[PDB]
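The block underneath contains the structure these notes are about, expressed in structure tokens.
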Amino acid sequence: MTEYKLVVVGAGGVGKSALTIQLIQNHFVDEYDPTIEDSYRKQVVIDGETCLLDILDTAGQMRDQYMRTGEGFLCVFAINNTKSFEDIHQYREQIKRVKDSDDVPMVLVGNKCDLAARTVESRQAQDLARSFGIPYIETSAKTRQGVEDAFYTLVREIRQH
Ligand SMILES: Nc1nc2c(ncn2[C@@H]2O[C@H](COP(=O)(O)OP(=O)(O)NP(=O)(O)O)[C@@H](O)[C@H]2O)c(=O)[nH]1
Ligand SMILES: [Ca+2]
Ligand SMILES: [Mg+2]
């Protein structure tokens, strides 16, 4: 079937794994479990199309190998962590440099929106997303708000590329 090679990137601890686990294993669980590299392959149906999501959940912390192979990128920061938002520029730049492309399927993800103590305003990330020509979607791995939204939108960006 059609396969979509999705890569989740972003600073350490923003909730990359948590987003992926919530998508594939329909659950969250608050716990500390740093990622080295993990692969989830799930047959889904998105907009009537049966497809295989091949998601690489990467380390925040050798990224050229996994980036090169990537079709679409979830670029994640956390709304309670200004550094991870500031770190967004570098991941996009590194993805452009390895993908030799101004325009790779990509979504900007503001995760942990369940949390009361916001330090990155939505307008702020919205303005940044617009300047990249990519969608901005806020998520909560905890409550699952926006999770399918983030990933399915990325799949849709890949289809429209
Ligand atoms: N409140 C809240 N906590 C979250 C959310 N997503 C992740 N967390 C918490 O934030 C911590 C880090 O999550 P994790 O998914 O491991 O982050 P990561 O970016 O994958 N880290 P790594 O780069 O090391 O793999 C954990 O305590 C996790 O439960 C979220 O949406 N809301
Ligand atoms: Ca290059
Ligand atoms: Mg992880």
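Within each chain, counting starts at residue 1; across the structure tokens, chains are named A, B, ... in the order shown, with ligands numbered 1 upward in that order.
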
Kindly assemble as a tab-separated table a list of the chain A residues that lie within 7 Å of ligand 3, each paired with its nearest atom pair and their distance in Å to one decimal, using only C-alpha atoms and all ligand atoms, sorted first by chain and then by ascending residue number.
residue	atom	partner	partner_atom_place_in_ligand_line	distance
A:13	CA	ligand 3	1 (Mg)	6.9
A:15	CA	ligand 3	1 (Mg)	6.4
A:16	CA	ligand 3	1 (Mg)	5.1
A:17	CA	ligand 3	1 (Mg)	3.7
A:18	CA	ligand 3	1 (Mg)	6.7
A:33	CA	ligand 3	1 (Mg)	6.7
A:34	CA	ligand 3	1 (Mg)	5.1
A:35	CA	ligand 3	1 (Mg)	4.1
A:57	CA	ligand 3	1 (Mg)	6.5
A:58	CA	ligand 3	1 (Mg)	6.6
A:59	CA	ligand 3	1 (Mg)	6.2

request  = Enumerate residues in contact with ligand 2: an atom-to-atom distance of at most 7 Å, counting only C-alpha atoms and all ligand atoms. Format the result as a PyMOL selection string.
outcome  = chain A and resi 97-100

Restricting it to N, CA and C atoms, dump the selection as a short mmCIF file (atom, residue, chain, number, x, y, z; two decimals), in the first residue's frame.
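Result saved to again.cif:
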data_model
loop_
_atom_site.label_atom_id
_atom_site.label_comp_id
_atom_site.auth_asym_id
_atom_site.auth_seq_id
_atom_site.Cartn_x
_atom_site.Cartn_y
_atom_site.Cartn_z
N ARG A 97 18.85 21.42 4.72
CA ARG A 97 20.22 21.13 4.29
C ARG A 97 20.37 19.68 3.85
N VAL A 98 19.76 18.75 4.58
CA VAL A 98 19.89 17.34 4.18
C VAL A 98 18.91 16.95 3.07
N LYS A 99 17.77 17.63 2.98
CA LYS A 99 16.77 17.31 1.96
C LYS A 99 16.95 18.12 0.67
N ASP A 100 17.92 19.03 0.66
CA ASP A 100 18.13 19.94 -0.47
C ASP A 100 16.83 20.50 -1.02
#

Shell around residue A:66 at 12 Å using only C-alpha atoms, local window under 3 positions removed, as a PyMOL selection string = chain A and resi 5-9+37-39+54-59+62-63+69-73+94-95+98-99

ask   = For the atom pair atom 28 (C, counted along the ligand's line) of ligand 1 and atom CA of residue A:25, what is the interatomic distance in Å to one decimal place?
value = 14.9 Å

Find the residues of chain A that sit at most 10 Å from ligand 1; for each, write down the nearest two atoms and how far apart they are in Å, to one decimal. Count only C-alpha atoms and all ligand atoms. Sort by chain, then by number going up, and give it as CSV.
residue,atom,partner,partner_atom_place_in_ligand_line,distance
A:8,CA,ligand 1,20 (O),8.9
A:9,CA,ligand 1,19 (O),7.9
A:10,CA,ligand 1,19 (O),6.6
A:11,CA,ligand 1,23 (O),6.1
A:12,CA,ligand 1,23 (O),3.7
A:13,CA,ligand 1,17 (O),3.5
A:14,CA,ligand 1,19 (O),4.0
A:15,CA,ligand 1,15 (O),3.2
A:16,CA,ligand 1,20 (O),3.8
A:17,CA,ligand 1,20 (O),3.8
A:18,CA,ligand 1,15 (O),3.7
A:19,CA,ligand 1,6 (N),6.4
A:20,CA,ligand 1,15 (O),8.1
A:21,CA,ligand 1,15 (O),8.3
A:22,CA,ligand 1,6 (N),9.2
A:28,CA,ligand 1,29 (O),7.2
A:29,CA,ligand 1,29 (O),6.2
A:30,CA,ligand 1,29 (O),3.6
A:31,CA,ligand 1,29 (O),4.7
A:32,CA,ligand 1,27 (O),5.1
A:33,CA,ligand 1,16 (O),5.4
A:34,CA,ligand 1,24 (O),3.5
A:35,CA,ligand 1,25 (O),3.6
A:36,CA,ligand 1,25 (O),6.8
A:37,CA,ligand 1,25 (O),8.2
A:38,CA,ligand 1,25 (O),9.3
A:57,CA,ligand 1,20 (O),7.4
A:58,CA,ligand 1,25 (O),6.4
A:59,CA,ligand 1,23 (O),4.3
A:60,CA,ligand 1,23 (O),3.6
A:61,CA,ligand 1,23 (O),6.1
A:76,CA,ligand 1,19 (O),8.0
A:77,CA,ligand 1,19 (O),8.4
A:78,CA,ligand 1,31 (O),8.2
A:79,CA,ligand 1,31 (O),9.5
A:80,CA,ligand 1,1 (N),9.6
A:84,CA,ligand 1,19 (O),9.8
A:110,CA,ligand 1,31 (O),9.1
A:111,CA,ligand 1,31 (O),5.3
A:112,CA,ligand 1,31 (O),3.5
A:113,CA,ligand 1,31 (O),6.4
A:114,CA,ligand 1,32 (N),5.8
A:115,CA,ligand 1,1 (N),5.5
A:116,CA,ligand 1,1 (N),9.1
A:138,CA,ligand 1,31 (O),9.5
A:139,CA,ligand 1,31 (O),6.4
A:140,CA,ligand 1,31 (O),3.4
A:141,CA,ligand 1,31 (O),3.5
A:142,CA,ligand 1,31 (O),4.4
A:143,CA,ligand 1,31 (O),6.9
A:144,CA,ligand 1,31 (O),7.5
A:145,CA,ligand 1,31 (O),8.4
A:146,CA,ligand 1,31 (O),9.8
A:147,CA,ligand 1,31 (O),9.1

Written file, previous selection with N, CA and C atoms, as a compact mmCIF listing (two decimals), in the first residue's frame:
# COMPACT_ATOMS: atom_id res chain seq x y z
N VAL A 8 9.44 12.46 13.32
CA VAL A 8 9.15 13.40 14.39
C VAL A 8 10.46 13.93 14.97
N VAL A 9 10.66 15.24 14.88
CA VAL A 9 11.85 15.89 15.44
C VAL A 9 11.51 17.05 16.39
N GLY A 10 12.50 17.48 17.16
CA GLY A 10 12.31 18.54 18.12
C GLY A 10 13.19 18.30 19.34
N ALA A 11 13.33 19.32 20.17
CA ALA A 11 14.23 19.28 21.34
C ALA A 11 13.87 18.17 22.32
N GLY A 12 14.85 17.79 23.13
CA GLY A 12 14.66 16.75 24.12
C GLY A 12 13.51 17.09 25.04
N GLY A 13 12.57 16.15 25.19
CA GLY A 13 11.53 16.26 26.20
C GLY A 13 10.27 17.01 25.80
N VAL A 14 10.16 17.42 24.54
CA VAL A 14 8.98 18.18 24.12
C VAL A 14 7.73 17.28 23.98
N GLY A 15 7.95 15.97 23.88
CA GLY A 15 6.87 15.02 23.82
C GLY A 15 6.72 14.34 22.47
N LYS A 16 7.82 14.17 21.76
CA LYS A 16 7.81 13.47 20.47
C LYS A 16 7.28 12.04 20.61
N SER A 17 7.88 11.26 21.51
CA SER A 17 7.43 9.89 21.78
C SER A 17 5.99 9.83 22.23
N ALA A 18 5.64 10.76 23.11
CA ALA A 18 4.31 10.81 23.70
C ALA A 18 3.26 11.04 22.64
N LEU A 19 3.57 11.90 21.66
CA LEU A 19 2.65 12.13 20.55
C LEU A 19 2.49 10.84 19.75
N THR A 20 3.61 10.19 19.43
CA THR A 20 3.57 9.00 18.60
C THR A 20 2.83 7.84 19.27
N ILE A 21 3.16 7.59 20.54
CA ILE A 21 2.51 6.56 21.35
C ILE A 21 1.00 6.80 21.47
N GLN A 22 0.62 8.05 21.68
CA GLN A 22 -0.78 8.41 21.69
C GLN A 22 -1.44 8.10 20.33
N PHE A 28 -1.40 7.54 26.79
CA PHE A 28 -0.36 8.55 27.10
C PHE A 28 0.71 8.12 28.11
N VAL A 29 0.26 7.87 29.34
CA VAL A 29 1.11 7.56 30.51
C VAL A 29 2.30 8.49 30.73
N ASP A 30 2.19 9.31 31.78
CA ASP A 30 3.25 10.22 32.21
C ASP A 30 4.46 9.45 32.73
N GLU A 31 5.57 9.49 31.98
CA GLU A 31 6.79 8.81 32.43
C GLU A 31 8.03 9.24 31.65
N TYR A 32 9.18 9.05 32.28
CA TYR A 32 10.47 9.41 31.70
C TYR A 32 11.08 8.21 30.95
N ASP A 33 11.28 8.35 29.64
CA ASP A 33 11.78 7.25 28.79
C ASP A 33 12.40 7.81 27.49
N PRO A 34 13.60 8.38 27.60
CA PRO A 34 14.29 9.03 26.47
C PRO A 34 14.42 8.13 25.25
N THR A 35 14.23 8.69 24.05
CA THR A 35 14.30 7.93 22.81
C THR A 35 15.69 7.89 22.19
N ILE A 36 16.11 6.72 21.75
CA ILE A 36 17.31 6.63 20.94
C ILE A 36 16.86 6.66 19.48
N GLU A 37 16.10 5.65 19.09
CA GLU A 37 15.44 5.63 17.79
C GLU A 37 14.41 4.51 17.81
N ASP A 38 13.19 4.84 17.42
CA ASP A 38 12.14 3.83 17.41
C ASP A 38 11.22 3.99 16.22
N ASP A 57 10.45 7.95 15.35
CA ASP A 57 10.48 8.78 16.54
C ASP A 57 11.93 8.96 16.94
N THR A 58 12.45 10.17 16.80
CA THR A 58 13.88 10.38 16.96
C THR A 58 14.29 10.94 18.33
N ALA A 59 15.60 11.04 18.55
CA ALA A 59 16.14 11.60 19.78
C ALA A 59 16.27 13.11 19.67
N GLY A 60 15.95 13.81 20.76
CA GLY A 60 16.15 15.25 20.82
C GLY A 60 17.61 15.60 21.06
N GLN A 61 18.19 15.04 22.13
CA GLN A 61 19.63 15.14 22.42
C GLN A 61 20.27 16.50 22.12
N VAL A 76 8.40 19.49 16.45
CA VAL A 76 7.71 19.71 17.71
C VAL A 76 8.47 20.58 18.72
N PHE A 77 7.78 21.57 19.29
CA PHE A 77 8.24 22.25 20.49
C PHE A 77 7.17 22.13 21.56
N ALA A 78 7.47 22.58 22.78
CA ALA A 78 6.51 22.55 23.87
C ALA A 78 6.15 23.97 24.28
N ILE A 79 4.87 24.21 24.54
CA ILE A 79 4.41 25.58 24.72
C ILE A 79 4.88 26.15 26.06
N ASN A 80 5.49 25.32 26.90
CA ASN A 80 6.02 25.76 28.19
C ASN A 80 7.54 25.75 28.19
N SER A 84 12.89 25.20 23.28
CA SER A 84 12.48 24.22 22.28
C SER A 84 11.81 24.92 21.08
N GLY A 110 2.97 22.66 18.39
CA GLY A 110 3.14 23.18 19.74
C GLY A 110 2.50 22.19 20.68
N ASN A 111 3.31 21.39 21.37
CA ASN A 111 2.78 20.31 22.21
C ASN A 111 2.63 20.77 23.64
N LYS A 112 1.95 19.94 24.43
CA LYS A 112 1.69 20.18 25.86
C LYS A 112 0.72 21.33 26.11
N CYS A 113 -0.28 21.46 25.26
CA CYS A 113 -1.16 22.62 25.34
C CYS A 113 -2.17 22.43 26.47
N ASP A 114 -2.22 21.22 27.02
CA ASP A 114 -2.96 20.92 28.23
C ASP A 114 -2.43 21.71 29.44
N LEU A 115 -1.15 22.08 29.39
CA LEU A 115 -0.49 22.71 30.53
C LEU A 115 -0.85 24.19 30.70
N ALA A 116 -1.16 24.57 31.94
CA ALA A 116 -1.62 25.92 32.27
C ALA A 116 -0.56 27.02 32.12
N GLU A 138 -1.65 22.91 17.44
CA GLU A 138 -1.33 22.71 18.85
C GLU A 138 -1.83 21.34 19.31
N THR A 139 -1.01 20.66 20.12
CA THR A 139 -1.32 19.30 20.54
C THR A 139 -1.16 19.10 22.02
N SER A 140 -1.75 18.01 22.49
CA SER A 140 -1.57 17.50 23.83
C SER A 140 -1.44 15.98 23.76
N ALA A 141 -0.26 15.45 23.99
CA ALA A 141 -0.12 14.00 24.02
C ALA A 141 -0.95 13.46 25.19
N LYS A 142 -1.09 14.28 26.23
CA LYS A 142 -1.80 13.90 27.45
C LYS A 142 -3.27 13.65 27.16
N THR A 143 -3.97 14.66 26.64
CA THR A 143 -5.40 14.56 26.40
C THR A 143 -5.76 14.04 25.03
N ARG A 144 -4.76 13.95 24.15
CA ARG A 144 -4.91 13.55 22.74
C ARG A 144 -5.50 14.66 21.85
N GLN A 145 -5.75 15.84 22.40
CA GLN A 145 -6.17 16.98 21.58
C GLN A 145 -5.18 17.23 20.45
N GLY A 146 -5.69 17.37 19.23
CA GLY A 146 -4.86 17.73 18.09
C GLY A 146 -3.89 16.68 17.56
N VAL A 147 -3.78 15.53 18.22
CA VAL A 147 -2.79 14.53 17.82
C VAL A 147 -3.04 13.96 16.41

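The space separating atom CA of residue A:104 from atom CA of residue A:4 comes to 13.2 Å.
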
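From atom CA of residue A:109 back to atom CA of residue A:156, the distance works out to 15.2 Å.
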
note = Closest of A:102, A:3, A:64, A:93 to residue A:45, counting only C-alpha atoms, is A:3

remark   = Min atom-atom distance to residue A:52 from the set A:90, A:125, A:155, A:160, counting only C-alpha atoms, belongs to A:155

inquiry  = Need to verify the contact set: residue A:152, 12 Å, only C-alpha atoms, exclusion of same-chain residues closer than 6 positions in sequence. Can you return it as a list in words?
reply    =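 Surrounding residues, per the criterion: residues 4, 6, 23, 44, 45, 46, 47, 49, 51, 53, 72, 73, 74, 105, 106, 107, 135, 137, 146, 158 and 159 of chain A.
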